[PDB]
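Position 1 is the first residue of the sequence; numbering continues from there. Below, all heavy atoms of this structure are taken into account, side chains as well, without hydrogens, waters or symmetry copies.
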Amino acid sequence: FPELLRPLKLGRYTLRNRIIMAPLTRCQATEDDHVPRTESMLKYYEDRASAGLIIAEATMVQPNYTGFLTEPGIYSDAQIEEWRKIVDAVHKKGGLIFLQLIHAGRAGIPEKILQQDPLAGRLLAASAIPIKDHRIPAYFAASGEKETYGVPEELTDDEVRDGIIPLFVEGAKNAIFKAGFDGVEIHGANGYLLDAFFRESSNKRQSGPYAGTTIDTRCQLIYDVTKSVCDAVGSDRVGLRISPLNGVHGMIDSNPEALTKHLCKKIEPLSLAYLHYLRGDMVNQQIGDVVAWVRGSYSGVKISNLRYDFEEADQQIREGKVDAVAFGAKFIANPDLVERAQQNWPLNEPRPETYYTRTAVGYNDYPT
Ligand SMILES: Cc1cc2nc3c(=O)[nH]c(=O)nc-3n(C[C@H](O)[C@H](O)[C@H](O)COP(=O)(O)O)c2cc1C
Ligand SMILES: O=Cc1ccc(O)cc1
């Protein structure tokens, strides 16, 4: 896999290879303080530092606005302190690491958020449309009871512009200037806040710069947040992730192609370190050639993801369709994935049953 193992210029950095570790929520942080549990999390990331680039798991930018109960945050000094240790360990191995910045939006856990600053103690989204497809996963629920997502409040353009955006900015500054991350990745995918403004199913705003009436206005929040973050920490230290076809939380847009292409053209002027996207849906309902769409509408670094294997990854990079591929499940199960690629070693099979144990089990128990 010569193309997959070839170095790559990304932002102000140079990846040793194009085997990227996708952001992976593992819930290895303290419950209410959302402080990275360094003991386990450090070894986890250090063990995978041979990755061309590691994209750290979705990390909270709004205090207490938790979507996964015990995910990391990057808004407090306590969180910054531990992250720094983790980032330092990755860098000592010669690796690179970006931190994915997230806001759960309507996917926030009610029992935790509502039990709490005009943005505090509230569920926020583009529109008062609750997730209805499924319950809150038991490994994310605040109690043993069957919990369900709530009806969020419609964010005013003012709260968005002056409340939400500044949080992403401080979070990026904290991550890069304090924790020492090489960069950050704006989480504009998988049904969370930004994706909720992005796709039509969850954005029914009648007016404002973030209206759900046009593809351009729906792309505005992703752009504004990304632009503001770029001005604050430099665009060559900023990446963005999207998932135009991911149906999670009932997310759906009728024009995934035009939406994706339009967003590419819109962020093009930002000169981002990269654009990262899921090329499909977890199930075979929503389909489309996202690789093709981004390819013909974006001139920057393209990082694709979803059900890739070394060969397919190597082949698309060879054909110039993508510049790099981020692996999710394979990195969970293979700390030394890169090495296994260099020699075509077989890969450990992942075990979804233990993705969120919060213990060493299914976290640091995968052999090298
Ligand atoms: C346990 C688990 C946690 C994940 N956490 C995140 C996350 O924090 N942010 C994100 O954008 N995607 C997240 N994903 C989605 C993955 O980044 C990836 O896009 C998905 O696993 C499909 O890629 P794969 O086929 O290589 O596994 C997660 C997936 C799994 C299975
Ligand atoms: O499974 C957890 C998860 C968290 C954030 C995502 O974007 C996707 C999945």
Side-chain angles (χ1 to χ4, degrees), residues 20-27 29 34 53-63 65-68 71-75 79 83 97-109 124-126 131 140 152 155 160 163-176 179 181-199 202-203 210 218-230 232-233 235 237-246 248-249 251 259-260 263 267 270 272-279 282 290 303-306 326 328:
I20 316 304
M21 186 181 146
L24 298 166
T25 288
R26 303 311 298 291
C27 308
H34 297 288
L53 169 59
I54 288 177
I55 299 173
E57 60 205 287
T59 294
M60 301 163 63
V61 296
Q62 193 181 320
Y65 203 105
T66 174
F68 315 123
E71 70 276 56
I74 190 64
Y75 53 79
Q79 302 159 337
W83 269 127
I97 185 178
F98 274 31
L99 174 67
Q100 189 185 56
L101 301 176
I102 192 187
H103 188 294
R106 71 175 182 171
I109 305 173
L124 313 162
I131 289 173
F140 289 167
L155 280 165
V160 174
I164 299 299
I165 299 179
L167 289 169
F168 270 95
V169 172
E170 318 302 336
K173 284 159 64 180
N174 284 172
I176 298 171
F181 281 89
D182 301 297
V184 297
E185 183 185 81
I186 308 304
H187 198 335
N190 312 328
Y192 299 109
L193 188 63
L194 275 52
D195 187 36
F197 275 71
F198 190 44
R199 292 191 271 171
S202 52
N203 187 343
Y210 310 106
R218 287 211 299 287
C219 290
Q220 207 60 53
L221 185 53
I222 281 176
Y223 176 97
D224 292 344
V225 168
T226 301
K227 186 224 186 308
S228 295
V229 174
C230 283
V233 307
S235 73
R237 288 192 280 277
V238 179
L240 166 64
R241 198 180 209 203
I242 55 178
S243 58
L245 303 169
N246 187 182
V248 303
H249 304 321
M251 287 302 291
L259 184 67
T260 300
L263 181 66
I267 62 173
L270 299 174
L272 304 184
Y274 67 86
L275 176 62
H276 180 13
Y277 56 86
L278 265 73
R279 62 169 173 172
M282 302 305 201
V290 188
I303 303 180
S304 183
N305 164 82
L306 187 57

Nearest heavy-atom pair of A56 and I97: which atoms, and what distance? CB-CD1, 4.1 Å
Counting only N and O atoms by type, is there a donor-acceptor contact under 3.5 Å from the side chain of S243 to the main-chain atoms of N190? yes
Which pair of heavy atoms, one from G188 and one from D195, lies closest together, and at what distance? O-CB, 3.7 Å
Nearest heavy-atom approach of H249 to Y192 is NE2-OH, 4.2 Å
Write down the atom of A179, the atom of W83, and the distance for their closest heavy-atom approach. CB-CB, 4.1 Å
Minimum heavy-atom separation for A126 to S202, with atom names? CB-O, 4.0 Å
Are any side-chain N or O atoms of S235 and backbone N or O atoms of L270, one a donor and one an acceptor, separated by less than 3.5 Å? yes
Can you measure from OH (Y274) to CD1 (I20) and round to the nearest 0.5 angstrom? 8.5 Å
Just by modelled atom types, is the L124 backbone N or O under 3.5 Å from a matching donor or acceptor in the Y65 side chain? yes
With heavy-atom distances below 4.5 Å as the criterion, would you say the side chains of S304 and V290 are in contact? no
Does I55 reach the side chain of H276, with side-chain heavy atoms less than 4.5 Å apart? yes
At what distance, to the nearest 0.5 angstrom, does CZ of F198 lie from CZ of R218? 8.5 Å
Look only at the side chain of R237 and the backbone of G183, and say whether a donor-acceptor pair between them is shorter than 3.5 Å. no
In Å and rounded to the nearest 0.5 Å, what is the CG to CG distance from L155 to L193? 6.5 Å
Atom NE2 of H187 and atom CZ of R241: how far apart are they, to the nearest 0.5 Å? 7.0 Å
Look at the side chain of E57 and the backbone N and O of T25, then say whether any donor-acceptor pair between them is shorter than 3.5 Å. no
Examine distances only and state if a side-chain atom of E71 and a backbone atom of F68 form a donor-acceptor pair shorter than 3.5 Å. yes
So OG1 of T260 and CG of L245: to nearest 0.5 Å the spacing works out to 6.5 Å
Contact summary for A273 and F98, nearest pair of heavy atoms: CB-CE2, 4.1 Å
Approximate separation, where rounding is to 0.5 Å, of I186 CD1 and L221 CG: 10.5 Å
